[PDB]
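Notes for the one structure printed next.
Read-outs: derived from the displayed coordinates by stated rules, not from any lab. All Cβ positions, even for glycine, are placed from backbone atoms using ideal geometry, and neighbour counts span all protein chains on display.
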Amino acid sequence: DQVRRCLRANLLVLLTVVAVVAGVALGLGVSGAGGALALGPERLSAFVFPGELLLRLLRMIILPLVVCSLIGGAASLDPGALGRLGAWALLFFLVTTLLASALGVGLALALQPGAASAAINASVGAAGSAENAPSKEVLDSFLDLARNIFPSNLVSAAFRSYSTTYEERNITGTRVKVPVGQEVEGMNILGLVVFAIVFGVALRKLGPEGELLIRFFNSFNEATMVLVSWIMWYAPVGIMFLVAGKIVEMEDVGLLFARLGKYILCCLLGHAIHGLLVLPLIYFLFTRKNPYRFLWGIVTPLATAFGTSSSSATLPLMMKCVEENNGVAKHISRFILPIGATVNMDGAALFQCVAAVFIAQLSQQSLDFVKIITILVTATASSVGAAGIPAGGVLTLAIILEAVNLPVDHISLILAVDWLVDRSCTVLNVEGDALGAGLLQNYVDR
Amino acid sequence: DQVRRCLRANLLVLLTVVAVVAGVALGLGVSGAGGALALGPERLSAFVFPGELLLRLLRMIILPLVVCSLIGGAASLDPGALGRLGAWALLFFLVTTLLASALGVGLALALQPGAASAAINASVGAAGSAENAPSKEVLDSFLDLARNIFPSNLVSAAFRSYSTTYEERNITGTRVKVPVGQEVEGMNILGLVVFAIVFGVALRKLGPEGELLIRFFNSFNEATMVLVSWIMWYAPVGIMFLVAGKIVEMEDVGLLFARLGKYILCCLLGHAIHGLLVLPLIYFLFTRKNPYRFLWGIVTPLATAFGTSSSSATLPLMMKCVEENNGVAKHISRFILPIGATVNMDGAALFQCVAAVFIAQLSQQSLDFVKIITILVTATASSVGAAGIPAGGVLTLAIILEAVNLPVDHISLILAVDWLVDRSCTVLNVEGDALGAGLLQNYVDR
Amino acid sequence: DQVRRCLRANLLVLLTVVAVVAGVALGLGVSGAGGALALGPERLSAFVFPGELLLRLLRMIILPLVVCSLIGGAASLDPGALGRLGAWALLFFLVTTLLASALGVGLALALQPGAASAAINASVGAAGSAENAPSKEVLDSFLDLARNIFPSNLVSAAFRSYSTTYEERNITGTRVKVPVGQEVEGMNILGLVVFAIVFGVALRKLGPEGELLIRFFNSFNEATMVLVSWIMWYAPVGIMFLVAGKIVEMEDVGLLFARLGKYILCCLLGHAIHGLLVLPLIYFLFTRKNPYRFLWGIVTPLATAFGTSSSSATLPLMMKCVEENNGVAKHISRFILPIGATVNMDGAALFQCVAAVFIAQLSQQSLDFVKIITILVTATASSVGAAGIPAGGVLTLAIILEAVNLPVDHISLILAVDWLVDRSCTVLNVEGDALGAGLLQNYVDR
Ligand SMILES: *[C@@H]1O[C@H](CO)[C@@H](O)[C@H](O)[C@H]1NC(C)=O
Ligand SMILES: *[C@@H]1O[C@H](CO)[C@@H](O)[C@H](O)[C@H]1NC(C)=O
Ligand SMILES: NC(=O)CC[C@H](N)C(=O)O
Ligand SMILES: NC(=O)CC[C@H](N)C(=O)O
Ligand SMILES: NC(=O)CC[C@H](N)C(=O)O
């Protein structure tokens, strides 16, 4: 049969999408028959482990990749030409993030998710529970991101980021708060991207003395790219257990879709127009080429981002598929795509935009025109400061609301539905990188 | 004199064994005349320091060795031949560990250490003291070892391993336990062995691009091997203070040997037959060569393992003595011996076997035939999960006993005698590596 | 104009000294008009940030420099000649530190800072506040420094040093203290200097196998030296905010200079004679060359040490200025100057000498002749154990006083004036390195 020929050449494509629907059929049979209580907590961790093992070993290789592949990328061309590459790049990440957040106002206002329904029953969901939050100030977190760039110690920025807390050591009368930083747990991806680019330029200023050093990091880049190919074969096995592990936790067979299902359909549709109708239209307007043939070549990482629910996870998996399947250049694909891992959270700019209108569609708040331009520019700024940590964008939602002085009286409605909507967020998040990667292929042709 | 000629060529052999008996004569004069109280705690740390300095600097070089020497080892030969090297290897570590644990049942049953003596006075030793223990479940620790393999972050696995604890954040009615992991202190040796082997194969799949990279790690391996030679000369000084520091702590001039000295003679004899009568018989059955001439060439690391009481400590010291003194190959000795550091704790499979019969010889427990095959297969499994941390195998003793549902009413009798029996454990532990290393020299001759 | 020609060639010299006086004029206008309370604590951290950003990114490059530049330095020459370089070196650091501490007795006794003034009103300053201190014993901290050399783990010594605390887990009757170490936060500079020197010698014992490895670390050294040049241009901006941030904290417009201003003039004059009259006289006695033409070539790092107030901070900044401006050799300047970062705290030997006479000039204490030779040799020993941490030498002041059994009834007078006197300490501290660096240039001419 001739149909057997195309299936052998599309083996990873077929196995990935058949597994993401397998766990939904697997997990609903677990959640329906018996439920979460039938397994027991001492066995539930053993069930979710073959999915949780996937997210582990696929994360350990981004450290010898991102600090390594940006060297050989940003030391080939000249630093005068890198400004002709970088300035057109950061302009593109700013427009795509801002245009996605502009859809958030334009879709939530025309649908009004704060409608007369069970969603307005937030008093049963609030309970004063999530009020006990750190909720750092908007001046401090914006100051914290500039301090997270240019890290303190180079080894310490491989596993331990920087943040800030508050204390009250102020027995003087009128007890005030005092900021203090303590370097909490978490990998600093952004702190090492800005190091490797600056370190990559310094090898270009050197003459033939750096020729030994650049071929070292070129070879050490290539050995990791061999090792990411073997994890790619394991990836259809793990995604079957990512979805079928998370679905055991909550239930939406008539409970979660009943209360705030209008909001869920509001934000999934925000991911529907953007990145499936807008980004192909932008890509065709600059290339005049078929975007879906480009999009079909990248479907294993995009389905993996739905499973792993982390943009920083699926970073090496996309770097294999873009340079192999689609016709891009070797060196420039390994530069614009890793810097795009933590700079264009436009899904978060679409998630935190709608969710900040959603609580203001209810509870009778105006937002006529002055708050609209502030809620538009804040979400496209905090998206840069967001990490690739799963469910990390919920923490940056509270700093938008205080700056636009909306009530935070129940943030717990937007919370506890982010096991589903954030998986759609990462797919839209990582898609604009490779669409921007192929957009620079036409730019070098002229 | 002709006797002066052999002593100059056997200088390290003579100085090492004269120092391990020097500290016993030194420490008993300290423990006898004056005792531990005559020195004071502010001076006792200053006394144990020249031994404690030895265990420190000899441990800092295993990180630029194990992740480095396994690269140049497992990138020379073909990956098809590595399966012909690896499968025969892991079969040998399984048999030697299981045969050692089979001696534990066969020697404790024929001697019955739970005899009518002062050893049955465990009520004075129990006191409900060591009941306050974490004692993680057998399903979780077996799950934890698979998660400790394939580490989370590559830099973070150089000093910080992974484990798990328990919390009770369960105010819902019927308060249950919940697992949580927090990455406690401790070097992950096993997490980096599995990384370097996979990374070593990927250089072999590369062509001449990896030729620069393999010669880098070949040279960086050799510079450490120079530096381990200088610490080897310091090693007879330190072992004199390892033994004469630990002996100041407890006393066995008629007190510890009186109560449970039958148990101590039971487990030291278990280390006597295995690895001095069995392993020479296995080595002669496959080589038909003199095992003791091979064994005399490795006596400085084996006496160092008695002093340091850590298998992961004496790993670089054996790698010098095997490739220099005995006639083994250069590349294959630096592969099978580091992977054997944390895979064949057969002394622990002999220690945790007898100690789990010892508490069941007392307190009237049966173990007729069904528990015997479970207590045999559990100890040979948890020996793989054991670390090279001194006195680390005591924590893995409790997970055997709950799985074989024996009482843990006094584990503190097996505790606080492990300053002596565990030093015999590490000597038997590290011996089977080099005997297995020389066993593969005959395998390449055919 | 011909005066425009010299200003273009002295751009860094002119911009650095015009900024250290700019912040004094800036900060006094802030402290005078409005004061510290006019800004608010939520804005004060935003004001001090462009200075605090300078101290951050200029510290992240000392890890890929000190462990890297000492390799290519101490592997070129022979190890027989390194003893002819090292022994003359460590003799020079011992004399310069001891001669500086000899000035501390000779200047405090001839001035008597414990005079009838407001400085003797220490009862208002003591309050029993700083009595709650750890204050580890003199035998333990001297033992701790030898354990901090030869670190435990190589990766862990890049951000996490070693220290010791005390516990009282001693329910046996007569509750005593027990030492325990826990690896507190802080970069171990000294632990990696002793590693790279020993590792550098081992490459020299290797033949042409180390030729690949030495050219690797030679190139990786040079790429950092490019990157330190770009931070040097940012350095006149940051020092303007270092001084104008610290001056907002305290006030000395008639308050701090009134109470103990005799002591401040006593210790600043101790930094005046030493290192501006003594060290030029020593340098002229061995070179017969102009020391101030050598001293004018290094004025950007010396003014930076006044701003950063850390010897370990300004280590790469001096390594650029010495090898470029002044006529020293390339390889030997990158060896003696990094080892001099944490070995010759003679300012601390001048600070901790005077401050230990200052509390004994008051409160009627003798120190006739026997305590004088002990207070001289203790301060030159603890200066080696001092770190490059700002305000780190105050902790090592208490261990001098107990060994010379002077009262520690108010150490808080020497505390809280170290925002000013310690900035003079680091300038004198880092100056003797480069004066010692140029002193070895004449030694290689013969
Ligand atoms: C220990 O056990 C023996 C019996 O074997 C008994 O006679 C004795 O009283 C017990 N206690 C002590 C302190 O010896
Ligand atoms: C300071 O000391 C002087 C004596 O020299 C005394 O007259 C004055 O009252 C003291 N001031 C305070 C505040 O104690
Ligand atoms: N909510 C967010 O967008 C941040 C977390 C999300 N998983 C991401 O990596 O994009
Ligand atoms: N008790 C044990 O056997 C644990 C391992 C042992 N400390 C070793 O290094 O060999
Ligand atoms: N007072 C001191 O000596 C502390 C250390 C000093 N700040 C230095 O960097 O050398």
**Prompt:** Is it the case that the range B:49-66 has a residue that's acidic (D, E), in contact with a helix residue (DSSP H, G or I) (Cβ under 8 Å, 6 or more places away or on another chain) and away from every other protein chain (no Cβ under 14 Å)?
**Reply:** no
**Asked** When you look at A:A127, is it within 14 Å of chain B (Cβ to nearest Cβ), in contact with a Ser or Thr (Cβ under 9 Å, 6 or more places away or on another chain) and under 19 Å from A:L362 (Cα atoms), yes or no?
**Response** yes
**Item:** Members of the range B:392-434 that are over 30 Å from B:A244 (Cβ atoms) and touching a residue at least 40 places away in the same chain (Cβ under 8 Å)
**Value:** B:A398, B:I399, B:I400, B:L401, B:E402, B:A403, B:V404, B:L406, B:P407, B:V408, B:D409, B:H410
**Asked** Can you name the condition, by its number, that B:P390 falls short on among (1) closer than 20 Å to B:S129 by Cβ; (2) of a type outside the set (V, I, T); (3) within 12 Å of ligand 4 (Cβ to nearest atom)?
**Response** (1)
**Subset of the range B:67-79 [within 19 Å of B:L227 (Cβ to Cβ) and within 11 Å of another protein chain (Cβ to nearest Cβ)]** = B:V67, B:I71
**Message:** Against the condition within 11 Å of ligand 3 (Cβ to nearest atom), on the phi < 0 side of the Ramachandran plot and among the acidic types (D, E), how does A:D346 come out, does it pass?
**Reply:** yes
**Prompt:** Among the candidates A:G392, A:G388, which residue alone is surrounded by fewer than 19 Cβ atoms within 10 Å (Cβ to Cβ) and within 22 Å of A:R160 (Cβ to Cβ)?
**Reply:** A:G392
**Request:** Assess whether C:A244 counts as being over 30 Å from C:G73 (Cβ atoms) and of a type in the set (A, V, I, L, M).
**Result:** yes
**Item:** Residue selected from the range A:178-206 under the condition more than 27 Å from the chain's Cα centre (by Cα) and in a strand (DSSP E or B), by the criterion farthest from the other protein chains (Cβ to nearest Cβ)
**Value:** A:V180
**Request:** Please determine, by comparing only the residues of the range B:153-177 that are basic (K, R) and at the interface with chain A (Cβ under 10 Å from one of its Cβ atoms), which one is farthest from B:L65 (Cα to Cα).
**Result:** B:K177
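Listed here are the residues, each with its yes/no results for (1) crowded, with 20+ Cβ neighbours inside 10 Å; (2) not in a helix (DSSP H, G or I).
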position: A:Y234; (1), (2): no, no
position: A:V237; (1), (2): no, no
position: A:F241; (1), (2): yes, no
position: A:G245; (1), (2): yes, no
position: A:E249; (1), (2): no, yes
position: A:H271; (1), (2): yes, no
position: A:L276; (1), (2): no, yes
**Message:** Filter the range B:102-126 down to the residues that are part of a loop (DSSP other than H, G, I, E, B) and within 27 Å of the chain's Cα centre (by Cα) and list them by number.
**Reply:** B:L109, B:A110, B:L111, B:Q112, B:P113, B:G114
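Any idea which of B:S310, B:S219 is within 14 Å of chain C (Cβ to nearest Cβ), surrounded by 14 or more Cβ atoms within 10 Å (Cβ to Cβ) and over 30 Å from C:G210 (Cβ atoms)? Before the answer, list the steps.
Working: B:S219 fails: over 30 Å from C:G210 (Cβ atoms).
Answer to the check: B:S310.
Being outside any loop (DSSP other than H, G, I, E, B), within 23 Å of the chain's Cα centre (by Cα) and surrounded by 19 or more Cβ atoms within 10 Å (Cβ to Cβ): is that true of C:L145 here?
Values: outside any loop (DSSP other than H, G, I, E, B): yes; within 23 Å of the chain's Cα centre (by Cα): yes; surrounded by 19 or more Cβ atoms within 10 Å (Cβ to Cβ): no.
No: the conditions fail for C:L145.
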**Request:** Could you check, for the range B:207-216, whether at least one of its residues is within 10 Å of chain A (Cβ to nearest Cβ), assigned to a loop (DSSP other than H, G, I, E, B) and of a type in the set (D, E)?
**Result:** no
**Request:** Scan the range B:223-281 for residues that are within 14 Å of chain C (Cβ to nearest Cβ), touching a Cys at 6+ places or on another chain (Cβ under 9 Å) and closer than 23 Å to B:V18 by Cα and report the count.
**Result:** 1
**Asked** So which of B:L255, B:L279 is free of Cβ contacts under 8 Å to residues at least 24 places away in the same chain and under 30 Å from B:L415 (Cα atoms)?
**Response** B:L255
